[PDB]
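Below you'll find the structure, written out as structure tokens, and then a few comments.
A quick note on method: Cβ atoms are made from the backbone with ideal geometry, for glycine too, and the neighbour counts reach across all protein chains shown. Rule-based calculations on the coordinates, nothing more; no lab input.
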């Protein structure tokens, strides 16, 4: 739980320091994600949505988006995955 | 000439600190100008020009815009004033 708390505080601090600096957009990248296409940022900017995330490939069915919450925020396979 | 130099440096510093802060537009107001209309800023923003200045009234023909430079940057009355 302490690791969770630390991650929350760090991300909230990043968001707050992105607001008091007058910069639109903020791209949350982590350590292991390999952004390969050089035009990812422009193609995400050209969509005009508040929150939008590219779909990243993997060696299994795993990716970085869900399709349903069961009752208390748990994964559920929707037939549209 | 020292007063001129000081004014140049101060205004350039203001402009430079307006650029490294990620703020569009910058409204140069001085001490004696009385901005009376509360909608001046919005009506200037809604014009889509780089540099634009409202025409301020005065007790004489004096105002805050010229209409011609003679040879070395001096006033000249154009018939369109």
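Before moving on, here are some points about what is shown:
- Over the residues of chain B, the helix contribution to mean residue ellipticity at 222 nm works out to -9000 deg cm²/dmol, using -39500 (n - 2.57) for each DSSP H run of at least 4.
- Looking down the axis that turns chain A into chain B, the chain A residue with its beta carbon nearest that axis, and the gap rounded to whole angstrom, comes out as A:22, 2.
- Between segment B:48-81 and segment B:1-42, the alpha-carbon centres lie 19 Å apart.
- Inter-probe distance in nm under a simple model that places probes 7 Å from Cα toward Cβ, at residue B:66 and residue A:69: 6.4 nm
- Distances between copies at residue B:7, taken between label points 7 Å from Cα along the C-beta direction, are 5.9 nm in increasing order.
- Summary for residue B:48: label point 7 Å along Cα→Cβ; distances to the equivalent points in the other copies, ascending, 1.4 nm.
- What separates the residue B:66 label point from its copies, with the point 7 Å along Cα to Cβ, is 6.6 nm, written shortest first.
- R0 of 35 Å, Cβ-Cβ distance residue A:78-residue A:18: FRET efficiency to nearest 0.05: 0.60
- Sorted from greatest to least, the principal axis extents spanned by the alpha carbons of chain A come out as 42, 36, 24 Å.
- Label zone at residue B:46 (point 7 Å along Cα-to-Cβ), backbone N below 16 Å, segment B:24-39: B:37-39
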